[PDB]
> 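Before we start, here is the structure in question, set down as structure tokens.
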Amino acid sequence: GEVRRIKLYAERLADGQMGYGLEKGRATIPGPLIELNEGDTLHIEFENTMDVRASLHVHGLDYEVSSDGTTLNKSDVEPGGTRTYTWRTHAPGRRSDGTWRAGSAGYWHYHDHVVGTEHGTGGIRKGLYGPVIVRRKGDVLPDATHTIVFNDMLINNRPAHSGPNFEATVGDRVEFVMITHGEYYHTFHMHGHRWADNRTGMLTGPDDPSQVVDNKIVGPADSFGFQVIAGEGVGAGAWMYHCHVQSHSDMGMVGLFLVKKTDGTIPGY
Amino acid sequence: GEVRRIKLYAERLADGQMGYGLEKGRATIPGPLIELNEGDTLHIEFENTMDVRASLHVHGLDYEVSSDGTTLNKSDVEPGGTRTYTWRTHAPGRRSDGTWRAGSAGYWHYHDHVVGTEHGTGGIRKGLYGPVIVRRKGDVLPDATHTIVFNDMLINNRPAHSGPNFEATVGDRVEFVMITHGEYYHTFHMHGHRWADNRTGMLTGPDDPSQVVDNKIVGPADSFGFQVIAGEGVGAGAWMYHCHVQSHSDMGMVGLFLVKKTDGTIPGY
Amino acid sequence: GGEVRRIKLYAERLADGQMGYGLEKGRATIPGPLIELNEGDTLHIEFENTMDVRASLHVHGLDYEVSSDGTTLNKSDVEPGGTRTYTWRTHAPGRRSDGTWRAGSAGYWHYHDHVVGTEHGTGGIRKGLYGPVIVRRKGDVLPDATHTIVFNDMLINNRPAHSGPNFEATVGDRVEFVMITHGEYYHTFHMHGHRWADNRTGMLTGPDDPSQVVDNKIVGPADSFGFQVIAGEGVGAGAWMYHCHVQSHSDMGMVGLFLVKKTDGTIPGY
Ligand SMILES: [Cu+2]
Ligand SMILES: [Cu+2]
Ligand SMILES: [Cu+2]
Ligand SMILES: [Cu+2]
Ligand SMILES: [Cu+2]
Ligand SMILES: [Cu+2]
Ligand SMILES: [Cu+2]
Ligand SMILES: [Cu+2]
Ligand SMILES: [Cu+2]
Ligand SMILES: [Cu+2]
Ligand SMILES: [Cu+2]
């Protein structure tokens with residue numbers, strides 16, 4: 001594994017929100033995808049452009065307390081302030097006593113832990129979160145990755161009934177990352193596609209007994225992910241994904257997986 | 001891979017409820033069990049015998065957009081109308097990219113997507129849902145199958161504290177399909193029995209590390225299944241099943257799995 | 001497996017309208033005492049209800065007949081001041097004569113009352129009548145220490161909000177947690193700096209176990225799981241939070257610390 005470096009910035013955005021960006025003026029919600037191989041180290045030069053204390057907390061990856069992103073471990077950042085955070089990762093293997101150490105690989109996420117409360121409640125609602133993917137050697141790589149975040153009642157801090165919509169062509173291998181935040185449980189459902197409830201979202205082969213599902217209950221800070229072959233056995237189309245809690249889907253927690261025919265049309269639009 | 005047909009009907013029932021049925025005047029809640037082998041195609045000639053728009057959406061199985069049963073896909077049925085829903089399945093197998101294509105096998109369900117709201121909140125509430133089972137070559141087959149739906153605060157739309165109960169004899173292989181609907185998460189618990197948290201609800205052998213459970217958290221549109229040897233290790237008796245959300249069990253989300261001795265008797269109460 | 005074991009257990013009132021199980025009169029705790037068995041063991045519990053209300057013992061996961069259900073339905077509760085012997089049994093996994101694999105009993109489980117307040121023990125559970133149960137399979141790795149975290153409604157182990165509990169270890173210790181949930185709410189359990197496999201033992205079997213590896217898990221009333229970590233592994237010593245991740249729940253004090261000490265005893269910096 002490699003040693004990698006990046007810049008990250010925390011910024012306030014024009015409608016009361018907050019975002020992470022790989023450069024000033026280009027903060028997104030969700031924050032930028034961070035992708036690593038088991039074994040890589042990542043040093044993040046972090047800058048808080050905001051006038052409240054901010055920080056960076058990550059799930060799953062190895063980090064010392066000094067990079068925990070919390071007041072407890074004196075790991076937050078002053079308004080306008082600067083901090084270098086270090087995340088490490090490791091491949092799995094047998095310990096000397098026979099036991100198997102798990103591996104860093106998986107779908108994870110990062111978020112603020114100090115805006116509003118000492119658990120980042122205001123930071124998170126306002127949009128200070130994003131995805132982390134860690135790859136194991138030999139993992140299947142996708143053509144695309146879309147991140148879907150159920151934050152309280154909104155997908156990706158979008159107004160009710162505003163997608164996001166996601167585009168692909170028949171036969172593409174599309175990866176989704178699915179993170180939940182806030183107060184509520186939800187239930188993630190995709191029309192016309194299904195996945196394995198295990199680490200990668202795909203069966204290892206014919207001995208993998210994992211449940212095959214198209215609907216999964218998630219809570220605040222759960223993350224998981226999966227890959228599908230777009231259109232596989234179902235064909236082109238506007239395939240809805242949504243929370244399947246009835247009041248939630250009614251109130252617009254819905255969006256589209258736009259699967260285009262080879263030439264580039266969809267039937268019925 | 002057999003090609004098969006059934007007829008289905010949506011009809012209003014007593015106390016303003018709605019059910020799918022295999023014949024006019026025999027609609028049930030939950031709907032009739034639909035069972036298929038991986039490879040099978042099912043054509044459902046569906047008649048809406050009601051005064052409102054109605055449809056059929058299935059989870060897990062392969063379907064074209066023209067069969068997603070939603071408004072957007074012009075796939076609902078007009079009052080008194082007729083529509084031909086086609087559900088396909090597939091066996092698992094190797095793709096040319098080296099990857100393992102999952103398979104349709106699973107505990108799944110179907111339900112209205114259009115009554116009440118564009119997400120079928122009204123139809124699901126009234127009882128327009130039933131179970132689907134897609135089996136894999138070699139799967140163990142039950143002596144009976146019983147379907148348990150937590151729909152909001154009701155079980156199978158029964159009044160509080162009124163079942164359903166299910167009867168088996170000791171040593172029966174009994175399969176349960178557990179589906180959840182509506183607004184609320186639940187936790188499904190069975191006294192006296194337990195299952196594996198995986199595709200078939202049974203461990204594939206000693207190297208299957210799946211959690212063995214007797215209680216599982218579910219949310220709206222989650223479906224899972226399992227089989228048990230009735231009263232294995234525990235004996236005959238009235239074995240309660242219920243949601244374990246305390247206010248929920250208190251308010252009525254309780255039923256009985258009545259497990260008789262071979263002479264048909266059951267201890268006590 | 002397998003031995004016959006016998007204990008005594010008492011249900012008693014505690015201070016602030018609470019109630020608990022204990023191994024001796026006057027020693028009730030919340031959670032109740034950890035019961036640990038090997039697959040194949042039978043345990044006989046000599047249970048005495050010292051309270052003025054009916055109480056029972058009902059267990060998840062293990063083998064019991066209806067006479068040990070702990071319920072009103074099965075005539076299986078205990079009258080005020082009365083005694084009953086409950087029996088729990090366990091079995092190893094095995095091939096059945098129908099060719100299938102019988103699941104074994106081993107795992108992370110719990111017991112609680114089923115009859116205080118309501119016929120579902122809502123008031124008993126509310127007031128502290130619950131405790132952990134662990135069943136081992138031959139060959140299971142044993143830990144240096146076991147800690148029980150119960151999210152009971154909004155409180156952790158019926159402790160007042162923002163009151164821990166905290167658990168201490170040394171870097172390299174093999175530490176077991178048992179995580180149980182009760183009451184009315186869903187929760188999501190999270191631990192900083194550590195992770196586990198979502199499976200029977202919380203540890204992957206080897207390179208081909210595809211179980212999801214997580215540091216966050218949603219749980220509902222009566223769910224129980226467990227896992228073991230090597231404290232500090234890859235992350236070092238530190239004051240490591242665990243908490244519910246439901247934002248309003250963490251904010252309101254559903255939090256505690258896994259205090260992991262260097263081999264020299266220190267936690268930097270503190
Ligand atoms: Cu966190
Ligand atoms: Cu935290
Ligand atoms: Cu939702
Ligand atoms: Cu977090
Ligand atoms: Cu749907
Ligand atoms: Cu839908
Ligand atoms: Cu419930
Ligand atoms: Cu659905
Ligand atoms: Cu019960
Ligand atoms: Cu909580
Ligand atoms: Cu219970």
Side-chain angles (χ1 to χ4, degrees), chain B residues 161 189 191-192 214 233-240 242 244 246 249-250 254 256 266-269, chain C residues 4-37 41-90 109-133 150 152 158 180 182-183 222:
Chain B
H161 292 102
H189 174 53
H191 292 208
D214 70 354
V234 297
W239 295 110
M240 297 182 48
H242 51 99
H244 212 301
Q246 292 302 126
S249 58
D250 291 333
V254 199
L256 293 178
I266 194 157
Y269 171 33
Chain C
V4 188
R5 311 165 193 275
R6 280 162 212 278
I7 56 169
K8 300 184 182 265
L9 207 79
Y10 299 90
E12 288 163 10
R13 294 212 176 242
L14 297 155
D16 292 295
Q18 299 194 124
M19 299 171 166
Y21 296 113
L23 305 172
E24 288 166 31
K25 286 186 168 137
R27 292 6 141 204
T29 56
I30 296 165
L34 169 68
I35 298 176
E36 182 175 332
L37 298 179
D41 285 346
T42 297
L43 175 71
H44 297 293
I45 297 163
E46 209 281 74
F47 173 68
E48 195 182 321
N49 172 16
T50 66
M51 306 188 287
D52 55 277
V53 301
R54 290 189 87 77
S56 74
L57 247 194
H58 155 77
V59 64
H60 279 241
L62 318 209
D63 303 329
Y64 58 89
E65 307 191 6
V66 290
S67 51
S68 284
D69 201 14
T71 58
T72 279
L73 177 94
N74 286 303
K75 308 165 205 172
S76 206
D77 60 336
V78 187
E79 73 193 301
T83 298
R84 174 189 285 256
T85 294
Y86 288 97
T87 292
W88 306 338
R89 287 152 28 241
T90 59
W109 306 107
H110 57 104
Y111 62 83
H112 57 86
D113 161 76
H114 209 300
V115 118
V116 172
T118 72
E119 305 312 330
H120 301 280
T122 300
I125 287 155
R126 196 171 45 247
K127 289 169 166 181
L129 288 180
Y130 55 79
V133 183
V150 192
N152 180 29
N158 284 42
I180 301 158
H182 265 312

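By convention in this document, chain letters (A, B, ...) are assigned in the order of the sequence lines, proteins followed by strands, and residues within each chain are numbered from 1.
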> Closest heavy-atom contact between C:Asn152 and C:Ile125?
ND2-O, 3.3 Å
> For residues C:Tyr86 and C:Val78, report the shortest heavy-atom separation together with the two atoms involved.
OH-CG2, 3.6 Å
> Can you list every salt bridge (charged side-chain N to carboxylate O under 4.0 Å, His left out) pair that touches residues 68-87 of chain C, not counting sequence neighbours?
C:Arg54-C:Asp77
> Who passes side chain to side chain contact (heavy atoms under 4.5 Å, CB included) against C:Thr42, sequence neighbours left out?
C:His44, C:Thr87, C:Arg89
> Is it the case that the side chain of B:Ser249 and the backbone of B:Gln246 share a donor-acceptor pair, with hydrogens and angles ignored and the cut-off at 3.5 Å?
yes
> Taking side chain to side chain contact (heavy atoms under 4.5 Å, CB included) as the definition, give me every residue that meets it alongside C:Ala222, ordered by chain and number, with sequence neighbours left out.
B:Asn215, B:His244, C:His60, C:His110
> Testing the 3.5 Å rule here: is there a donor-acceptor pair between the side chains of C:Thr118 and B:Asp250?
yes
> Check the pair C:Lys8 / C:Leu23 against side-chain contact (heavy atoms from CB on, under 4.5 Å), numbers first and verdict last.
CA-CA 6 Å; C:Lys8 300 184 182 265; C:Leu23 305 172; over 6 Å; no
> Going through the distances and angles, do C:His120 and C:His112 end up as a ring-ring contact (aromatic ring centres under 6.0 Å, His included)?
CA-CA 10 Å; C:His120 301 280; C:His112 57 86; 9.9 Å; no
> Just by distance, do the side chain of C:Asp113 and the backbone of C:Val115 share a donor-acceptor pair under 3.5 Å?
yes
> To the nearest 0.5 Å, what is the distance between CZ (C:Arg126) and NE2 (C:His182)?
13.0 Å
> Would you call C:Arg13 and C:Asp52 a salt bridge, taking side-chain N to carboxylate O under 4.0 Å as the test?
yes
> Could you walk me through whether C:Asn158 and C:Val150 pass side-chain contact (heavy atoms from CB on, under 4.5 Å), step by step?
CA-CA 8 Å; C:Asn158 284 42; C:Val150 192; over 6 Å; no
> Do the non-hydrogen side-chain atoms of C:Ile180 and C:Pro132 ever get within less than 4.5 Å of each other?
yes
> Minimum heavy-atom separation for C:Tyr64 and B:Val234, please, with both atom names.
O-CB, 3.2 Å
> Once you round to the nearest 0.5 Å, how far does NE2 of C:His114 lie from CG of C:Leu73?
9.0 Å
> Compare all side-chain heavy atoms of C:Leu62 with those of C:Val133 and state whether any distance is below 4.5 angstrom.
yes
> Sequence neighbours excluded, which residues qualify as side chain to side chain contact (heavy atoms under 4.5 Å, CB included) partners of B:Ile266?
B:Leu258
> Just checking B:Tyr269 against B:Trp239, ring centres under 6.0 Å apart?
no
> I'd like to know if C:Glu12 pairs up with C:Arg27 as an ion pair, taking the criterion as any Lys NZ or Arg NE/NH1/NH2 lying under 4.0 Å from an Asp or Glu carboxylate oxygen.
no
> Hey, mind stepping through C:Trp88 and C:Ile45 against side-chain contact (heavy atoms from CB on, under 4.5 Å) and telling me if it holds?
CA-CA 8 Å; C:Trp88 306 338; C:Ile45 297 163; 3.5 Å; yes
> Under 4.5 Å between any side-chain heavy atoms of C:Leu9 and C:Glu48, yes or no?
no
> Verify side-chain contact (heavy atoms from CB on, under 4.5 Å) between C:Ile30 and C:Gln18, making sure each step is shown before the conclusion.
CA-CA 9 Å; C:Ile30 296 165; C:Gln18 299 194 124; 4.0 Å; yes
> Return the CD to NE2 distance between C:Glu119 and B:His242, rounded to the nearest 0.5 Å.
12.0 Å
> Please report the closest heavy-atom contact between C:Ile7 and C:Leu43, naming both atoms and the distance.
CG1-CD1, 4.0 Å
> Identify the two heavy atoms, one from C:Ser67 and one from C:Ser76, that lie closest to each other, and give their separation to 0.1 Å.
O-OG, 2.7 Å
> Mind checking what makes side-chain hydrogen bond (donor to acceptor under 3.5 Å, both in side chains) contact with C:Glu46, not counting sequence neighbours?
none
> When you compare the side chain of C:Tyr111 with that of C:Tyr21, does any pair of heavy atoms fall below 4.5 Å?
yes
> For C:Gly131 and C:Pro31, which heavy atoms make the closest approach, and how far apart are they?
CA-CB, 4.3 Å
> Could you list the residues that satisfy ring pair (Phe, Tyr, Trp, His ring centres under 6.0 Å) with C:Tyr10, not counting sequence neighbours?
none
